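Chains as they are written, first to last, in the numbering used here: chain D, 29 to 72; chain Z, 2 to 25; chain X, 11 to 450; chain F, 80 to 510; chain U, 16 to 441; chain Y, 81 to 509; chain A, 225 to 341.
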Amino acid sequence: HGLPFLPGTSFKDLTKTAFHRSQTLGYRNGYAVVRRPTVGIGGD
Amino acid sequence: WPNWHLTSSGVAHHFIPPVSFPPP
Amino acid sequence: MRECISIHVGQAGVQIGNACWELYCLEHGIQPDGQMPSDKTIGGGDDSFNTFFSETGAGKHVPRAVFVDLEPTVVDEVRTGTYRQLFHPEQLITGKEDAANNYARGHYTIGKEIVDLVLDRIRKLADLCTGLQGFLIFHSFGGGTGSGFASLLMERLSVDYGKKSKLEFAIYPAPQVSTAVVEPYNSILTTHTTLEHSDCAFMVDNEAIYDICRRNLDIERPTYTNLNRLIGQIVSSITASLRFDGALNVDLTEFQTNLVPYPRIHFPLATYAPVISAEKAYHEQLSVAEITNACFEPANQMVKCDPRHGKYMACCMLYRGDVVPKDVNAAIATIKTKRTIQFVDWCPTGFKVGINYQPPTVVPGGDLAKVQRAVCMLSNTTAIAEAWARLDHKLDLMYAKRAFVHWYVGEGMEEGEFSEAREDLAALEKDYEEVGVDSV
Amino acid sequence: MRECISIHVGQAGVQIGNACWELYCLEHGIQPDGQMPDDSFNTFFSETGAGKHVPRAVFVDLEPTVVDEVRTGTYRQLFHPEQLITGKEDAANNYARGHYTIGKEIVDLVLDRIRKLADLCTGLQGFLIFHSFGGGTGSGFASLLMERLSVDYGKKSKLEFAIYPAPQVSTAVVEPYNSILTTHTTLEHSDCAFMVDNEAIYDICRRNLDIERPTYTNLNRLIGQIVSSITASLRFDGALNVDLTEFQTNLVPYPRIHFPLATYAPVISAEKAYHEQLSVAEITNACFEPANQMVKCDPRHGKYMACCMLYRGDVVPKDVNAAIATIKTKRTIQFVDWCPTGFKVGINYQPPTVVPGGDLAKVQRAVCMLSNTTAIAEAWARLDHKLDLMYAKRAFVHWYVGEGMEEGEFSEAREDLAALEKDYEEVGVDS
Amino acid sequence: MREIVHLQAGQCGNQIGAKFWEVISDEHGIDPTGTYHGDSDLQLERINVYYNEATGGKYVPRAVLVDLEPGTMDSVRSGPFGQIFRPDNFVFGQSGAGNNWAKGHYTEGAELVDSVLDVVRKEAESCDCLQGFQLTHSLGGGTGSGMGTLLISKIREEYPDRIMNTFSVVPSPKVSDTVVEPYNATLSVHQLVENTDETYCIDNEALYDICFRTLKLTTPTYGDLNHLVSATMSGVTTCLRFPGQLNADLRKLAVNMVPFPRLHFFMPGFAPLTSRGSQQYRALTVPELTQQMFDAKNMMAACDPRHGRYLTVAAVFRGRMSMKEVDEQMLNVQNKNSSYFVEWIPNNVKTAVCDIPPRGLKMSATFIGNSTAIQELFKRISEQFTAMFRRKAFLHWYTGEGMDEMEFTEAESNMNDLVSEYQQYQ
Amino acid sequence: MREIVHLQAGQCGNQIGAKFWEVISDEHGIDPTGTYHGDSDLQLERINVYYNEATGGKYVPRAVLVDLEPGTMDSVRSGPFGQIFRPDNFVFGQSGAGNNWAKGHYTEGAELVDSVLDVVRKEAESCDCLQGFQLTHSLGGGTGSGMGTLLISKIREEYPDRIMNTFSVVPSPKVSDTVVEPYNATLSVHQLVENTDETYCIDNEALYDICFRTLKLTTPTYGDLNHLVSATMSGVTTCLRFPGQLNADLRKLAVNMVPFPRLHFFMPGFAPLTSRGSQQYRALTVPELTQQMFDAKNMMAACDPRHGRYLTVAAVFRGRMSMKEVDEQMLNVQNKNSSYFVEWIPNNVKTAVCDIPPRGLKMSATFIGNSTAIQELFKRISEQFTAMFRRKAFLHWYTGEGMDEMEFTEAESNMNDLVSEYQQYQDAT
Amino acid sequence: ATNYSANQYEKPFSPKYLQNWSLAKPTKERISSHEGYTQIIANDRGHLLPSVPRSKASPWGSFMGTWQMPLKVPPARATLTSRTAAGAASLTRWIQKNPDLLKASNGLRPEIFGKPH
Ligand SMILES: Nc1nc2c(ncn2[C@@H]2O[C@H](COP(=O)(O)OP(=O)(O)OP(=O)(O)O)[C@@H](O)[C@H]2O)c(=O)[nH]1
Ligand SMILES: Nc1nc2c(ncn2[C@@H]2O[C@H](COP(=O)(O)OP(=O)(O)OP(=O)(O)O)[C@@H](O)[C@H]2O)c(=O)[nH]1
Ligand SMILES: Nc1nc2c(ncn2[C@@H]2O[C@H](COP(=O)(O)OP(=O)(O)O)[C@@H](O)[C@H]2O)c(=O)[nH]1
Ligand SMILES: Nc1nc2c(ncn2[C@@H]2O[C@H](COP(=O)(O)OP(=O)(O)O)[C@@H](O)[C@H]2O)c(=O)[nH]1
Ligand SMILES: [Mg+2]
Ligand SMILES: [Mg+2]
């Protein structure tokens, strides 16, 4: 609501059901590959 | 598949389509 | 990454893995044909399935689970049922003759039969793992292949892999009801060899889940399918931290450090708190403090033993869903102010906690109700020693006359391991006596 | 340029060459009547004045039935009628008949045709010999060809693609005699000898492919796939190109030890490629698995001495590098003291060609593995024991003494193979 | 100029550092995409303290995200501010520690410490004049505590003169989140005593108490708990990034609060906290700030200061406030509580005022306090540790990776010596 | 006025050269037809360093493609720039080498070398003032290791006082592409240690790591590793073809780099390489190049420079920049890392700056490092050699080709003396 | 064969990152330095000359199959703390009971860490 970012000025979205995480930091032949992310938590 | 009603694993494990939970 | 490999050995293992993998396909979008539905997104998408599913170049997903049995009957309904296209054909290994409720058949003649093929399949499945947490073993103590072949399997797994985590899941011998009559022999012989090779042995038994489905759920006459569904819910709650976002994550290695204090006490008991019917969810809350207390109820345990008959050595609470950590702290704080629940002296902390955001899903046609909160309780208690006393009495009753032994000595086993396994279990009983005595 | 001449001896050689030349014709645009509806075919075909391409092959048998089947079949217009050499009576499972009495009357004509096929050669890379260790002509006459080819054509590469007698399955009673004699006489005159046996391909066709009761054609198609993968760099583009001369300087450490093995990596049926990916790491390690070898021996009970990696398809060089680096770390795969480097790597772009009526799958990548291992000393000791069973009181020897062969040829072949056994044992001891 | 290389280890370290960079990026007006959108000139002038200059007017943090399993930084990257970190700064292994100190300190922590040392060398030698390092971690975990201790030990032999701070999370008194927590806490404090310059001890129980009683939050999450810790972190270095009537950097607070080298454990606090219906009842005056800063129900550790004596107090103020009022409130606090301040230091309060407050607040203040009530926090861990080590409760998971049993004896000897040393001045 | 004749030997040399000439022609605006359609004017002023003029406005490179068998040239001629070579410069025979050093040196290399040197003399007498030669070859194979060294040996006798440069792909520590690699590597190193003036050892897995960690290309091709090599190959001759505020040809780098005649094995590098997704998180100034050239994980030689000491270091900067920052950074690196530089040379860094950058880039730099940490590359090859040679592992394919047992021993002694010399100069006070 | 060290690039080539999740062969950390050339110790066909000493380890490897693997194989981890001295003696007697498993190419690599009471 344009509130200042202070401790306590956060409100969760209770209608959100999917909480899936992606594997952004994976691996390859021997190398710690790092991928640019395309989806958030839940797949949106 | 006639095992839907003849074996226990068929009636136990057959595909019923999931329903979308949150109402509009 | 964070890959886990499941090994379902035995009829109980396969009929548990059916429910477990139907559940796993239900958490993600995987259908029984092996594919998700179509793309829904330009470019990349979700990758939460990599915990359990390996995905090829097209969009098909293969389970990371080896199904093993020595009898062709139980596996063949997976080859012909709904999930025939999901599994790789070479992932379902069968024999031709089973162990016939004989430990030595499943460990010395038909055990060494097929252990090379499943080891090769495990190697091929572990070659897809960018990051591998550990192996999961599902078996029953009373079986022939669930007791003999599982023991040899974890034996060669420890030989070939070293210190990889081997969390095994067992169906304990129930105190009163049982199916086989040579069952205490199999339980004794499968504890003697895997006393070391198992990192931590999560245990349930059928009778307590029967009582749970009688009282908590409103089903007269449950069968094995409801039990398998509850066990699958427990396994889904255990590994949910590797797949979903949460406030306090937990890996598969943390259980063996927060639950196993001594190198032989690794038999905790599972508990699932909000297992209630949909006709009773209309009336009561499912709050964090209410269902935290329902874990420590003696009637809600998934092993038929009384926690009042022993001391709690450690606990591993796995919360799940819409849980506020302040309520978690308040509930665990008010648990410790009770005299019915007693703790050992040398564990002043007692609790390891974990919080996950993803609520449990609804299997269509299932028994449990849709809830926002769930607890999976893993308790290591000294009260298990009264089950070992009953098991020892059951072995000693028919070992005094040496009955049902010619099936064992005559076929690929000496007699001295019977006495040796009895010594090992008696030593374990004395260890459980020792660790329960307060250093006052 | 880059031309190779194929010599097929005996029934096994002709029936393998049928599948080989079907694969060759379909892999290029060569129609079965010789027409093409580009000159990559010059490694195996020669263009005439009538617009007809003629194979660089000599089909040789001492029995008319299989060559007459070739002459009546669909590929009769493709083959020049003099290329298919035919005798009148075969050796009938006799090494001496195919080496002293029957084959000595057909050898000069075959050499004349080989010379006439070596004048359309601008640069001759070498010859390819297809024969079997158990037959009469396929042992005796195929060995007779080597001693004259080596002295006529000098030091050119002469590859032989042999069929080994299996540990259990065998057809001829007398075949240990043929195998030991033909190994003793070919030991000097051969450069490399890619060996497969029928029982291992039976096991692969039962286990990997879903084919209960297969016939000889299914084995011949797999062997033709091996041959096509070996010489795929002379006809197609390659990131790492392998010639036929590169095999003998890598797979053959010592002049006697020229018996490597063969392995085709993604040998799976068409219904199993849907259920798995076939990346380079998943086909490199399958070559070192004992269930995919094409000789019935366990390499884990021995030591490795050389390895030739022939990748083929959509591969990446770093994928090959990482897959081979993973294998060197495995405890099961164990190399030898005097070979600290292991591997020879070849890379080609063109994927394998699917044959209609074959049993394989349309793969995107494939590997052909050629390993020289010490575990083959089981097969030599086993064949040696089988010969020692019969020769101890002179069984079936009268059929050989009566055909221009001194009885003392058995004994010296036997002690030379004892020397070969000590050779194989003494290269595994460290210092 | 004077830059801070932020380091974070473990799940607690990553989840606190994400909110810290959130608060810092709001304070300087940084876009979620990484650009500059601030509305004042003062937001740019000292942006080089935490950020690095990139191309196109884009700013990237100097953070080094370290974990033995990338499960937590994967969730960090999927947030609203997860794309500002440089992809080369993420360091991850393949196998986790599993709440084991030895796995994070000796065996699995040793295969990854080189790749963290290269990144912190890259982000330290590319500096004009590096001021010091910051570490965010927890003392109850395996990779957080163990890998943070190994990282501090490796950093200190390379830069033996800069500042090394630790905003650690010590274990809770009532409910433990790990069974083996006192073992890790003892083995980590044994390194923190000997290797860090400052250490800010924070209990989650005190944050629960703050969010329940003071803030009136019915259902608080862990993000709201980490917001208070991030506000405490930002209130210390406010003189580096903004001007003031009386400036004080990290080293000035280090000199003025640490009388002896082994006594460097602090209890933090954030002053302007109000309930959700009580803002209209409060007058925004300085005495309200100084009264709520010193209150026992505002400390971020579970040890009220009435159990000991205040060795020193730091109070960094933010906002346009008069000097005489702040000084007279400090003097009144010192004079009205004679017994709770040590008599051998005449002035136990060090003060500092900056003009720019947090946005949305007229005044703000950060409490930093050195008290002899922190030794009862070590006594709890010591007795919980000696209740387990007497019977060798979980030793086979710690001696299985090669640790000697004398390590625990040395750690508990150092803990007891620290407790006795704190008791010497009381 | 300082032209260079290019030699390509073997299939590795041909695959390197086919990409190198595309790089040079893109730099100088030459289409695959051979004509000029460039933009600026400095692209013609020294275009005669690599290109000859032909009647019709067509430019022909001074390349002599040498191989023992024409299979690779069929792929070269069908490439993107296969039509620009003169067809007479392709030299080939009828029989391949089969990864045999003897077959490429003594048996089948003798009938090709006379015509190769005929083409070389033809392309070296049309020069007005010849600067020197180049050679791209690999030390693992048969024709690139035997024929190329024969070319170097019989070119050094012909032209003794011209510079002679080699870009050798020395073998792989981890996984080899040829079973007979120790023999060819030791013999070709023995030939190179008496004949060439500079050598640029390049390993394949160093290129693989550079490609995957720095560039983060998910699927390497060999046409990208050849691009990475040819960027450094076309970086040491930018002061010959473009104006500079500090020029450095091959001769000045040769004088400043090697302190002793037998120590001329270098470590290439390339500064402004960076990932595709990390461009927005990075700046491109002189310190950002300096921190990248002196990183250990940027070498193309797969040997840790922190295991020894730097003797001399080159740096050829390209673009518009200030000499103050470049010189200050070169001093700063030497000062802050005093253990990795020899104390008996006060300055171990040679600096050169050109004006014209590579196209589509701000700045670039090329690292040429003479280090005592190259000795384990020879030690590993020597001990693989003694693992094989004492058993006569594959020696019958060489002794059967008219060779002798003495040549392998001479090669081993000549490499072991090199190892001893580098160790002696590493520990010297 | 001998596994060498990519001295700055050994991190990707270590077996755990190459998806080899089992026990693997050791990699050499350093390379010795020798001078001069080497004597021929073996004649043709690969045989060692009689003057040189051989190795008593048998050829064809040391591989232990399923049926050659002993029943009741010893523990893998085998820690000794919080144990009776007699029981730890029994465990180490169990480990050293079968020496053929400890010297096979594939087998047990137990480490005995800690001390009993
Ligand atoms: N929870 C659960 N337990 C089962 C199920 N099926 C069998 N069991 C248990 O398994 C025990 C018998 O062992 P099984 O697993 O059936 O036998 P097995 O593994 O096939 O071994 P063999 O019969 O000798 O081949 C019974 O006492 C049951 O308690 C099941 O579907 N769910
Ligand atoms: N792979 C394969 N092997 C074959 C085939 N036909 C025959 N063989 C092998 O050949 C061996 C017998 O020799 P043949 O080739 O049949 O006959 P031959 O070599 O001409 O000798 P003679 O019959 O005396 O003229 C058998 O042991 C088979 O294993 C075939 O079609 N494919
Ligand atoms: N106050 C607070 N504590 C946390 C947070 N995240 C984790 N922790 C604490 O961290 C401890 C668990 O250790 P953890 O950091 O997960 O171990 P690690 O992952 O190996 O570093 C628990 O005692 C938690 O109280 C947080 O966001 N806030
Ligand atoms: N960098 C690079 N190396 C190559 C290329 N092609 C082949 N090689 C190398 O060449 C070595 C083998 O040499 P080889 O090709 O047999 O030389 P040849 O005798 O000319 O055929 C291998 O180690 C490869 O790494 C290429 O395109 N680029
Ligand atoms: Mg059964
Ligand atoms: Mg015949």
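The C-beta atom is built at its ideal place from N, Cα and C for all residues, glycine as well.
Item                                                                                                                                                                             : Value
Mind checking whether Y:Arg398 and Y:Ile425 have CB atoms under 8 Å apart?                                                                                                       : no
Excluding sequence positions up to five away, which residues of its chain have a Cβ less than 7 Å from the Cβ of U:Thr289?                                                       : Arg297
Would the beta-carbon of Y:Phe247 fall within 8 Å of that of Y:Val309?                                                                                                           : yes
Using DSSP with H/G/I as helix, E/B as strand and the rest coil, what is F:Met274?                                                                                               : strand
CB-CB under 8 Å to X:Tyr442, same chain, minus the five flanking residues each way: which ones, in chain order?                                                                  : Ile275, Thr392, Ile394, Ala395 and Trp398
Compare the C-alpha of X:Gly144 against each of X:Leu252, X:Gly20, X:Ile365 and X:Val214 and name the closest.                                                                   : X:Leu252
Who are U:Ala380's beta bridge partners in DSSP?                                                                                                                                 : U:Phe332
Using the beta-carbon of each residue, which ones in chain Y are nearer than 7 Å to F:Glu325?                                                                                    : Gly178 and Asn179
Roughly how many angstroms lie between the CA atoms of Y:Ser462 and Y:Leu475, to the nearest whole one?                                                                          : 16 Å
Any heavy atom of ligand 4 inside 7 Å of the beta-carbon of residue 41 of chain Y?                                                                                               : Here chain Y has residues from 81 to 509 only, and residue 41 of chain Y is not among them.
Are the C-beta atoms of D:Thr52 and some chain U residue less than 8 Å apart?                                                                                                    : yes
Could you check if F:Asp276 belongs to the surroundings of ligand 5, using beta carbon to heavy atom distance under 7 Å?                                                         : no
Between the segment 280-305 of chain X and chain F, which residues of the former have a C-beta closer than 7 Å to a C-beta of the latter?                                        : none
What does X:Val187 reach in chain U if we use C-beta pairs closer than 8 Å?                                                                                                      : Simply none; closest approach about 34 Å.
Straight-line CA distance for X:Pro273 to Y:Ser256?                                                                                                                              : 46 Å
Give me the Cα-Cα distance between F:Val415 and X:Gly53, rounded to the nearest whole angstrom.                                                                                  : 48 Å
Leaving aside the five residues before and after F:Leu389 along the sequence, list all residues of the same chain whose C-beta is less than 6 Å from its C-beta, in chain order. : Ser308, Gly425 and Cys447
Span of the beta strand (DSSP E) holding Y:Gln88?                                                                                                                                : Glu83 to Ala89
Starting from Y:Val193, follow the alpha helix (DSSP H) in both directions and report where the run begins and ends.                                                             : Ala190 to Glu205
Does the Cβ of Y:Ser195 have 16 or more other Cβ atoms within 10 Å, making it buried, or fewer, making it exposed?                                                               : exposed
As a quick check of your reading: which residues have a C-beta less than 5 Å from at least one non-hydrogen atom of ligand 6, in chain order?                                    : F:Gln90, F:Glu142 and F:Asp169
Is X:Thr189 near ligand 1, judged by its Cβ being under 7 Å from some heavy atom?                                                                                                : yes
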